[PDB]
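The next block holds one structure in the form of structure tokens; read it before the comments.
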Amino acid sequence: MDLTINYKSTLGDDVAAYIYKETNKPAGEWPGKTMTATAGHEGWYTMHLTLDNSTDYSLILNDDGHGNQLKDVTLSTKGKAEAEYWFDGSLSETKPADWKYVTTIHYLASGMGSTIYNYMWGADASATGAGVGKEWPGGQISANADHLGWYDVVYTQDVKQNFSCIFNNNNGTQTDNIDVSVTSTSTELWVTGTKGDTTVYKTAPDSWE
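Each residue of the sequence shown is one higher than the last, beginning at 179 in PDB author numbering.
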């Protein structure tokens with residue numbers, strides 16, 4: 179199942195999520211997995227993970243394993259297919275009011291020029307983003323600053339609404355239909371190839387780094 183943990187830190191800007199159940203350690207050895215600064219929420223940090231839903235797990239939030247670690251809390255993951263938590267003083271599964279569902283999609287543009295568009299349909303009427311709600315070729319998107327050849331589109335919705343999109347160069351090259359499943363308030367996807375060989379990754383592929 180897909181796990182997302184959002185933590186409002188009281189331990190500084192270097193924090194990690196240590197997860198365990200008996201000897202099983204889904205987020206790695208101590209201190210576990212580093213939590214990244216949450217886009218659009220100052221003081222918040224987020225981590226994503228996959229794990230076996232055969233059991234529950236315990237969560238120890240910590241300052242990257244150094245001077246401070248929180249009392250362990252239980253994550254009720256058993257049987258679930260999807261789960262997102264917010265920890266602000268205490269653990270909760272309730273999304274705060276001001277939090278949107280932000281879906282980020284990276285596309286590796288190759289042999290199709292430096293003018294890239296994203297054409298999107300099926301999103302909620304709260305949606306904001308390059309392709310909302312433009313006719314073909316859609317909305318023009320910018321290159322990723324830290325990853326060469328990649329172009330980013332970000333679709334922000336008030337609700338957890340699945341949608342579909344197509345990357346293209348408005349000049350004869352495009353991807354196949356991409357069906358996006360929103361699994362958290364910060365879903366991230368990577369896409370490669372063009373029509374006849376479009377691939378969608380839920381985890382950063384090797385071409386990302």
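A virtual CB, placed ideally from N, CA and C, is assigned to each residue, including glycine.
- Message: Among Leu227, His244, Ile238, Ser288, whose alpha-carbon lies nearest the alpha-carbon of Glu260?
- Response: Looking up residue 260 in the sequence shown gives position 82. The option with the nearest alpha carbon to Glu260 is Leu227.
- Query: By how many angstroms is the C-alpha of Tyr297 removed from the C-alpha of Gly289?
  - Reply: Translated into positions along the sequence shown, residue 289 becomes position 111. Translated into positions along the sequence shown, residue 297 becomes position 119. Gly289 and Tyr297: Cα-Cα distance of roughly 19 angstroms.
- Message: Counting beta carbon pairs with one atom in the stretch 292-312 and one in the stretch 225-242, are three or more of them shorter than 8 angstroms?
- Response: no
- Task: Out of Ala382, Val360, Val310, state which residue places its alpha-carbon closest to the alpha-carbon of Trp328.
- Result: For the purposes of this step, residue 328 is taken as residue 150 along the sequence shown, with counting starting at 1. Considering only alpha carbons, the answer is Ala382.
- Message: Is the beta carbon of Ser270 closer than 9 angstroms to that of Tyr223?
- Response: Counting from one through the sequence shown, the residue named residue 223 turns up at place 45. Counting from one through the sequence shown, the residue named residue 270 turns up at place 92. Contact: no.
- Message: Going by C-alpha to C-alpha distance, which of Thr372, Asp375, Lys373, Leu367 sits closest to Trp386?
- Response: Walking along the sequence shown from the start, residue 386 turns up at place 208. Checked all of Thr372, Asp375, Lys373, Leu367; the closest Cα to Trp386 is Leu367.
- Message: What would DSSP say about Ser385, mapped onto helix, strand or coil?
- Response: Position 207 of the sequence shown, counted from the start, is the residue given in the question as residue 385. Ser385 falls in the coil class under three-state DSSP.
- Item | Close-in-space but distant-in-sequence residues of the same chain around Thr363 (CB under 6 angstroms, 5 per side omitted) | Counting from one through the sequence shown, the residue named residue 363 turns up at place 185. Result list for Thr363: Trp277, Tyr279, in chain order.
- Residues near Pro204 by beta carbon distance below 7 angstroms, same chain, minus five either side: Counted from its first residue, the sequence shown places residue 204 at position 26. Excluding positions up to five away in sequence, the list reads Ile197, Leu227, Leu229, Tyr235.
- Query: How would you call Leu286, buried or exposed, if buried means at least 16 neighbouring beta carbons within 10 angstroms?
  - Reply: For the purposes of this step, residue 286 is taken as residue 108 along the sequence shown, with counting starting at 1. Buried, by the Cβ-count rule.
- Query: For the candidate residues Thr293, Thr351, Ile283, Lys338, whose alpha-carbon lies nearest to that of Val378?
  - Reply: The residue labelled residue 378 in the question sits at position 200 within the sequence shown. When each option's Cα is compared against that of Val378, the closest is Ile283.
- Task: Kindly indicate which three-state DSSP category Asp336 falls into: helix, strand or coil?
- Result: Mapped onto the sequence shown, residue 336 falls at position 158. Three-state DSSP puts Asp336 in coil, outside helix and strand.
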